[PDB]
Structure formats: structure tokens, C-alpha cells
Amino acid sequence: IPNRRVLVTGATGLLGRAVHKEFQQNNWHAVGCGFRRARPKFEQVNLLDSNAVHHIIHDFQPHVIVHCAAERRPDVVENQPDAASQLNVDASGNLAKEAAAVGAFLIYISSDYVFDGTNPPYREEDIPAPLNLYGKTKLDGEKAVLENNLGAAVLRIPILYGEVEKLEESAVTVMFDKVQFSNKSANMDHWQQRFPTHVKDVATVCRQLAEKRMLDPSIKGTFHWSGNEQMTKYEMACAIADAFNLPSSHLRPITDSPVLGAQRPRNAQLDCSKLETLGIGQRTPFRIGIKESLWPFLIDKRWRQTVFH
Amino acid sequence: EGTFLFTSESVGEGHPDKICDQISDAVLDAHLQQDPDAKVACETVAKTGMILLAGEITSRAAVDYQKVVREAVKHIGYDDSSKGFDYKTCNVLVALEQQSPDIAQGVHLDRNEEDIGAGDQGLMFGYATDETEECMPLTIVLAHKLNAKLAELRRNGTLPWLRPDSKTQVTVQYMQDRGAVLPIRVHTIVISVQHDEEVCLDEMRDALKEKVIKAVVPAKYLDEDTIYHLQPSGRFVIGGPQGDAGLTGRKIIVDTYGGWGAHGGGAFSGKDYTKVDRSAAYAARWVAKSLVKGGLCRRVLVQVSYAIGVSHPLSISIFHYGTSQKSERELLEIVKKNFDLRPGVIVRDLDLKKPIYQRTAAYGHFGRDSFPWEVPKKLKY
Amino acid sequence: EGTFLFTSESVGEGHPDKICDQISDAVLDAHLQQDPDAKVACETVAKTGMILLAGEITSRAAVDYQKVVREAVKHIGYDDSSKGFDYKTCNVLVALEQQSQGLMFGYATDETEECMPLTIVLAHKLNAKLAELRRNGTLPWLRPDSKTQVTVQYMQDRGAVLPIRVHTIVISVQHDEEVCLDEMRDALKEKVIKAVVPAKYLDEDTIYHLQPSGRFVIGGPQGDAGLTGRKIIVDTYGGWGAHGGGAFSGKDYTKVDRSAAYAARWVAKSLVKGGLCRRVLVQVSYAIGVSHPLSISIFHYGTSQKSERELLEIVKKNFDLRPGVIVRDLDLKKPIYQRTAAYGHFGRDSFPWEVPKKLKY
Ligand SMILES: Nc1ncnc2c1ncn2[C@@H]1O[C@H](CO)[C@@H](O)[C@H]1O
Ligand SMILES: [Mg+2]
């Protein structure tokens, strides 16, 4: 059982599962937690509960703490704002309080939606200006984390995909049914520019970063990472089709801005020099990662996924 | 949200049906220490004060059926009137004919070992699942370890009011995951067990929960809502063969996968490799385990079938429960390219002439340490 | 293609493990006629010239075990010592001890008329057809011990399974030493297989393993010992479905292992015939302290457009699965169990649990 200890919040979720695992299988003692339904694999915690959080930090004494749990769906934020702010910003705070009060290295996972996408590619120290509320809540997190912990690291990250359990876990993986039903025609956004990023890559950067900070206390502040294949939500759908040897034709590419899309940033691309400099980072090809991530939701496989023959 | 309960039960060394599986297998071992090529279909029957052997053995061994049978019963632990059965004084009856000559000249006589035909027809299955290290389904696994623990502590001294006869049922609450299953929590546990007259329920129940269950079932699956039913309907010394009947080969779901996957009716115990009911059922398990471990599927169901006198099996079929990225045809084609499931070959791969079968006759034949069939094969493809 | 194989087996009345299954239910019938509340658990053991009976009974009925055991062994057709066994000469030992949770499955499938998997129904029916041709006379060289295996090629498809064709057929059946090896195999093809397996499934490509043992003159108890409850998968869904472990024959209706198995099957065969799903498995979890099931899980293999949510709801209206109710509906005190003890339990029109309840939902 390794010496270094790492806490991974939101480990029930897509991104946290990968970080927990990358850290663990590269010789760390790694503890995951989440309210959602942590048990039996993880520890159960309500991040809004001060003591629940305080307890498992002061009983675990972690040197690195990665913070993935948050309200991520941009729509749900504008539906329930009282809560989204409470979890993205406040929890982040309390976590950052308890983090530096245990001498621990907080890595707050953030988001490209803190930018407006009017002048890409965006660098670490460029001027944030979100267009939507999720955009702003991930940003207010960054404050609440830095104001309560000099030497915590913010790590901004684009749209995520990866080895999901339910297609809704990623805005990439959802389109899948729309790609397999070659009979039904389906529209796809061709306006907004994206950079899909595999969470197992993100988890790699997350560990890579943390370890250097175990030697070098200058590792801190804000960082960008991102996969560098640039695609629309439509272009994704056709690489997914092609990756699985499927027709992408029933896919109509709509090129107009969505009717909510003056409040969704066009190309909020990240410049990953800051990290690339320190030689951090993994970039699994989309064409591969997405095929690794989706074959369990192939219909023919999906049919045979019962409990008994 | 698509989540289910499942239950597997297990019985312990001195449950009548499992004394017969044990004794029968003990008679198999007797013959194999002397004549490794023994033909054995020993079936045991156990009622009040009786052990009857019935069947067909053909072997150059010379075997003291009285000694063998009673040493098995002794080992199991019945040794006084008070306990309900006694090795020193039980009746032992031996009705053991030779192997039908028609079967021998249809199966193995005049044939090279490798080219031996199936010892009879039928279907076998092989199951495997990623839900546990041991690669078995958690229900049956826990079920067995509870009965194993009871013995350990009866035998090692640390709870010497115990007796051989026991029955554990483990209910688990599950979740589906892209074809695989996920043990979430233990819903219910039950432990009937035989004891002597000088203990109170409240002291046994306390012991069962803290010395056995708590030290077998990982804390992570237990919670404050997990039901325990320790000594369910009270006192229990009417146990073992007393007021009973017991037959070899009646606890086959328990011997195998606890009700998961599938079974083709094959009683294992009291049989040698030539009887595919057993050898191919191990081969099947080896196959499927080697595919889960190998890393191709996450859980898989295998089926072989043979016909009497025919080495190359008549059917082979894989069901990977939607869990592999490869097709089922692709896995089948691997299995053919890596295994060879004639009995004359399997005997060699899984070393099935060794007198160690009696181990198997309790606590399940699968998911267990040191068995040949449980050591996955590295696969070329 | 996206196809697969699936083998099931079945055994004739004379097969010694099944001999015992029958004699055990025979004893249960003898008691029920005199005492419907009689509580019975009877193991039967068969070997070269010996029928042994074992285990506890509680009843009012007094029963001539000599008579039961012999009239059954005659009906099966073991009549001369030329055959290995004879109802007239065999020993009958009796060792009965007489005074005065649960998890079961039911499975049904639309792949055949009887709502059983093709494989096992052809296995069953091949043996039944031998019993016929031995009893009528038309094949006089047959004897009562038999075993069929029927491997079918299948086509997975939107949940349910379509029998394409009959891949491999095994029949081994005990014969006399007058008839040559040929006349048999030839007759097995034309008199038996031809009569059972629908013309549409057979072809040049089909495989026949007929008397693959060469000789099969020694059989019945003489060839292999026989014990009650050693064909549980033959008795039910021959490779398909799922099984708890409950052997049936010899037990009476107070053991839910038997009773609920019929209830759970009834419930299934209702649903397939009633259109609510093409294929189905009914898991019925009984609890200690609860006379009702604690849980019912309904895997319909995606062959339904109604949710599993829904189907569970249709069951709790239409059925009543506490033991005390099932004994009533299926009438399980009627001494009729010896007719279940061969040729499968689930899949014949005769039985209470095989007439699909009209589902008002
Ligand atoms: N010589 C034989 N050839 C083929 N099958 C047999 C033979 N003898 C017995 N059997 C059948 O197979 C079983 C034992 O292998 C018996 O119960 C019987 O039904
Ligand atoms: Mg058997």
C-alpha cells in the first residue's frame, strides 16, 4: 500500500473514475468519494456538509486532492441556480479551506466555458468573460479556491468524453444512438468549435502535475490542457460513424448558431504551452479513444447485455 | 434503476447430500492412489445410520471400502450417538459392480488415451465473471466462505460447540453494467448450523456475526440495513443423516456457480475424467476463466456437448453477455485455436488422474486456490 | 453469421436415474389418495436387482411399497431378467422413517408451440416416440433405457431466438443382441427421428449419432446406478432458463422448490401466450418471515415493448404466489405427480401450470 495519498472527489463520475484509477495503478494510495452512489467502490460524502468533508480529510491526511464533482450540465445550472453555485463555488471553497489547512495540493478541475470564444486560442493568463452561468460558476470556483489556498492548481479542461457507463455522461457519447440509426435522419451542430478530450488523458496530466509538485513547490496557479483535434458536434458524429464503420449521411450538418448560441462560446480553444513546456500531457487520438469508449453501446452488443442466456 | 436481488446457497461438510458427494469422491481418491486409470462411478447414499455405496468401479486398485468410507465420515466429524451419526458404528453397505463392458468397448478399450471417447453424452457449461478476484459470482463465493469459516473454527478449536451440518444463504443486491453485474450490497444473510446442547442462541448468534460473517464478508458490502438471520428457527441437533436421506450429486447448483450462468445436469462427485459430466465441466470453467482474465470478455457463458464414444465434442458455443468488443464467433474461434476439449487431452491439461477430488466435494468446485482448472491459460490470437 | 448452437438432452423412462424419479412420485401419489395432507420426501435408489427407498414421511395412509415399486417397474417395461431388471424378481428394500428462503425460476419461450425451447422438446419427444414404438410392438428389439440429445442451430434476434435448423442428433437406446447394428440406426432415422423432428429442420448437413457406443445391450440399473433427482435440467429447461437446485420428484406440494417452480412456470407461460413478451425468465425470491415473495425480477430479454416495471405490475394483479394459494389454483393435492416424473415437467398440455392464465391487465 503506497506512501502518497490522494483524494478524488466526484469519483463516481466519468472524470473522477479515471483519475482515481490512474493515480491508484501508478503507485498511489487513492481514495474516491461521491454522494451520487459511491458505495461499494467509494466513500460517501455530501460535499456541502462541512464536517462530512472535514472528517474524511483530517482522517486521511492527503497530499494531493483532485476535485471533479460539480454541476457540469450547462442547462441544469440555469434551472437550479441556488444549488449549482452552492456546489461549484462554495464546496470548492470549503474544500480549498480544508485543503491548505491540511497542507494538501488542491487541483480544481475547471472549464473552457470561462471564456467567450471570440479570440482563440486562449492562454492561461487571458481575461475570462463567460457567456453562460456554468461558465461563471466554474470561474467563481477558481476564485474560491485560490482565495483560500495559494498554491492550489486550477486545471481548465474542454468538453470530455471517455469510457462511460451511460451515454448521457458525456455530450460526445450521447450522439451515439443518432449515429447508429442510419434510417432516421438527424441534425447536428456544425457551428460551435470543440476539442474533445479523453478523461484518461486528463487523469494522466492530473497525476503528472501532482507528482512534480511533490518535488517542486513552484507548481501552482492555473493551467490549460486539451486534446488538439478540432471538431464540431457534427464532425464528432461522423468520426464516430467512421470509427465504427458506419454510414454518416442521415446526418444533416446545421451551420447556424443554436437559438441559445450567443450564450455558448464559439471557439474557446485552450493554449497548452504552459503545460507542454513542463512536458506534461497525454493525447490519445479521438479516432481510437471513442472506439474504446463506445463499443459497449453498439446495438448488437447492447441486445445481448442481459443477465441470463 | 435496473437493479436486482440474487441468492446462492451453500451447504457444509456434514449436510447429508454433501457427505455423499464427499464419500463418493473419497472412494474415487482411494482408487487413484493405486490405479490412476481407474473407472469409477461411485454413488453414495446416507440415511439414519447408513452409508450405501452403489455403482460401477473397474480398477487394479485394492480398496478397503469400510476403512475409506469411515475415514471420510470421521474426517467430517460424526463420532457419537449425541451428534446423530458415528463413524465407529454406522452401517456400511457395498453394492459395487464392474463397469458395463458395453460402455468400455464403446469408450476407452483398444484406444490410445488421447483418442478416448466421451464417457457418456450430455451438456456442460462454463461460467466466469469479473465481479470478484476469484472470478466467480459473489453470492456463491460468500455462501461458501461462511460454511468454510464455520469448519475452520469448529476444527481449529476456537468455537468448539459447533458441529458439521450447516446451510448458508447469501442474498446480494446487484446492478447491471453493459452486460456485467455489479455487487452493490449484501441484502440478507442466513446461517442455520448444528450445535451441541450446552449453548444459548444469544451467544451463538453473537459469535456467528462477529467471528464468522464479519471476518468473511468484506465490510464494504455490509451496512446497517443488511439483514442477518442467525439460527433462524432456533435449535438444531437433529442434524446430519439423522432423520434424513442424502444422495450423492444432489447439490450441483451449489457445487458450481450458485445458480448463475447455466447447468446441464452433470453430477460431479464420485467420477473420473472419462465421465465428461466432470472433466469437460472443469475444462469449460478453465476456458471461460481464461477469457475473463485474458481480458476479452467481462463475463461469459460457455457450452460444450459430447456424445458417447466420440472424442471431438459435438457443439461448442460462447455467450459473452454483450461484454466483449469481439463477436461471439471471434471468441469461439480463439477457443478452438487455444483449447482442445477431448477427454484424452483434458485429462493432461488439467491433470485429472491425481487423487485430490475429495477437496472439491465441499465449498464448491470453482473459484478456488490451487485447482488446475482455476489457473487461466495465456492466449494466442 | 450472428448464429449459435445450443444442445439439450433428455432420457427415457427406463433410464435408471429417471426410474427412481418416477418411483418416488409413485410413492407420493399412493399417499395423497389416502391422505391429501400427507407430507413426503422419498429418495429412490436403483441398482442391479435392488430398489431402495429412503427418507422421512408423515401420513395417515398405509401403503404397499412392494406393490407401488413393482407396478411402476412393470409399467416402465422391465419384465424379464433378459433385460437386466424385472419387477417380479427384484429386491425391494424399504428404509422410510414414517410417523403420523427460496429462489425459483420460470422460463417460457415462443420458439415452439409448447412454449419450451425447441432443443429439449425434440429431445423429450424422441424418447417418448421410442416408448411408443416399444409399447405398441413396431420396434420389438428396443428396451426401456434411452437417452436423446438434440443440438439446434439458432438465430439471436431482437431478444428472442429462432430455431434455424437441427445441427446434431444423438440417440442411444438399449437393445437386444439379435438385431444387427445397422437395422437400428436405419430405424432410428426413419421410424423415430423422421416421425418427431419436423421435415423443415433436417437436411443433408444434419449429423446423426445413433448408437455411437456400438453395443448397448446392458442397461438400466445394471449398467449405471440410479438416484432420484439426478435429472433436474432434463426435468425443466434443458440448458436454458435458470435453476435454483430443487429436485422435484418425491417431494410433495409443501416444498415450494416443487410447487413454486410450477407457479413460476405458469406465470411465464401466461406472459408469452398472452402476447406480453416473446421470451421470459421469472425470478421469484421467497423470504424467511414473508409468505409473499420479497422480490420478483422479470428478464424479458428485450422481447417486450412494456417495461419490466409494467410486467411486474401485471403479475401482482393477475397472480397470487403465496404457497397456500398455489395449492388451490393448480390443485396440487391431486395424486398426479408420477406423470411428471419423465418427459419433462414443464411443456405438456395436461398440467395445471401449463394452461396460461387469461391476463386481465
Ligand atoms: N453401452 C452403452 N452405450 C450407450 N449408452 C449407455 C450404455 N450403457 C448405459 N448407457 C446409458 O448411459 C448412462 C451411463 O453412461 C446410463 O444411464 C444409460 O442410460
Ligand atoms: Mg448426473
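First to last, the sequence lines map onto chains E, D and C. If you're matching positions, the first sequence starts at 15 in the entry's author numbering and goes up one per residue. If you're matching positions, the second sequence starts at 15 in the entry's author numbering and goes up one per residue. Under the entry's author numbering, read the third sequence as residues 15 to 114, 135 to 395, first letter to last. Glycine included, C-beta positions come from ideal geometry on N, C-alpha and C.
Query                                                                                                                                                                                                     : Result
With distances taken from CA atoms, which of D:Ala194, D:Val59, D:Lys53 is nearest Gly260 of chain C?                                                                                                     : D:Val59
Going along chain C in order, which residues have a C-beta closer than 7 Å to the C-beta of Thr21 of chain D?                                                                                             : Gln135, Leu137, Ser319
Starting from the C-beta of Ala276 of chain E, find all residues in its chain whose C-beta is less than 8 Å away, skip the five residues before and the five after it, and write them out in chain order. : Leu145
Which of the three DSSP states is assigned to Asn41 of chain E in this structure?                                                                                                                         : coil
Could you tell me if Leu229 of chain E is buried or exposed, where buried requires 16 or more neighbouring beta carbons within 10 angstroms of its beta carbon?                                           : exposed
Given this structure, state the Cα-to-Cα distance separating residue 115 of chain C from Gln112 of chain C, to the nearest angstrom.                                                                      : Within chain C, the sequence of modelled residues goes 114 then 135, so residue 115 of chain C has no position in this structure.
Please report the distance separating the alpha-carbon of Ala110 of chain E from that of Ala66 of chain E.                                                                                                : 15 Å
Any C-beta of chain C within less than 8 Å: which residues of the segment 298-320 of chain E qualify?                                                                                                     : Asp314, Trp317, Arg318, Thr320
List, in chain order, every chain D residue whose beta-carbon is nearer than 7 Å to that of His323 of chain E.                                                                                            : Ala276, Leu315, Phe333
Does DSSP put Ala75 of chain D in a helix, in a strand, or in coil?                                                                                                                                       : coil
Is the shortest distance between the beta-carbon of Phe250 of chain D and the beta-carbons of chain C less than 9 Å?                                                                                      : no
Taking 8 Å as the cut-off, is the CB of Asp31 of chain D close to at least one heavy atom of ligand 2?                                                                                                    : no
In angstroms with no decimal places, state the Cα-to-Cα distance between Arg249 of chain D and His243 of chain D.                                                                                         : 13 Å
Contact between the segment 15-33 of chain D and the segment 177-188 of chain D: three or more CB pairs below 8 Å?                                                                                        : yes
Answer yes if the segment 209-222 of chain E comes into contact with the segment 18-38 of chain E, meaning at least three C-beta pairs across the two stretches below 8 Å, and no otherwise.              : yes
How about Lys285 of chain C and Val54 of chain C: do their beta carbons lie closer than 9 Å?                                                                                                              : yes
Measure the alpha-carbon distance for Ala253 of chain E versus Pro88 of chain E and round it to whole angstroms.                                                                                          : 25 Å
Which two residues bound the contiguous alpha helix (DSSP H) that contains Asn93 of chain E?                                                                                                              : 88-93
Relative to chain D, which residues along the segment 157-191 of chain E have a C-beta separation below 8 Å, given in chain order?                                                                        : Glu179
Which residues in the same chain as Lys163 of chain D place their Cβ atom closer than 6 Å to its Cβ, once the five residues preceding and following it in sequence are excluded?                          : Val226, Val230
To the nearest angstrom, how far is it from the Cα of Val195 of chain D to the Cα of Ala157 of chain D?                                                                                                   : 18 Å
Please report whether the beta-carbon of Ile227 of chain D lies at a distance below 9 Å from any beta-carbon of chain E.                                                                                  : no
Can you give me, in chain order, the residues of the segment 43-60 of chain E that have a beta carbon less than 9 Å from any beta carbon in chain D?                                                      : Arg51, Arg53, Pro54, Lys55
Evaluate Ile15 of chain E with the Cβ neighbour count: other Cβ atoms within 10 Å of its Cβ, from every protein chain shown; 16 or more gives buried, anything less gives exposed.                        : exposed
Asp144 of chain D touches chain C at which residues, Cβ-Cβ below 8 Å?                                                                                                                                     : Those within 8 Å of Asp144 of chain D in chain C number zero; the least Cβ separation is about 20 Å.
What number of angstroms, rounded off, separates the C-alpha of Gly308 of chain D from the C-alpha of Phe333 of chain D?                                                                                  : 16 Å
Do you know whose CA, among E:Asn242, E:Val116, E:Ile123, E:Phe209, lies nearest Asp73 of chain E's CA?                                                                                                   : E:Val116
Closest by CA to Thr17 of chain C, which one among C:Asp35, C:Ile198, C:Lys88, C:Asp258?                                                                                                                  : C:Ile198
Taking only heavy atoms of ligand 1 into account, decide whether any of them is closer than 8 Å to the Cβ of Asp134 of chain D.                                                                           : yes
Put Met150 of chain C into one of helix, strand or coil per three-state DSSP.                                                                                                                             : coil
At a threshold of 8 Å, does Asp210 of chain C count as lining ligand 1 (C-beta to nearest heavy atom)?                                                                                                    : no
Which residue marks the beginning of the beta strand (DSSP E) containing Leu110 of chain D, and which one marks its end?                                                                                  : 105-111
By a C-beta neighbour count over all protein chains shown, 10 Å radius and 16 as the cutoff for buried, is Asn102 of chain E buried or exposed?                                                           : buried
Given a limit of 9 Å on CB to CB distance, which residues of the segment 43-62 of chain C reach chain D?                                                                                                  : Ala55, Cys56, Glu57, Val59, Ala60, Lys61, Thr62
Exposed or buried, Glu183 of chain E, counting other C-beta atoms within 10 Å across all chains shown (16 or more means buried)?                                                                          : buried
Output yes if chain E places a C-beta closer than 9 Å to the C-beta of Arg343 of chain C; else output no.                                                                                                 : no
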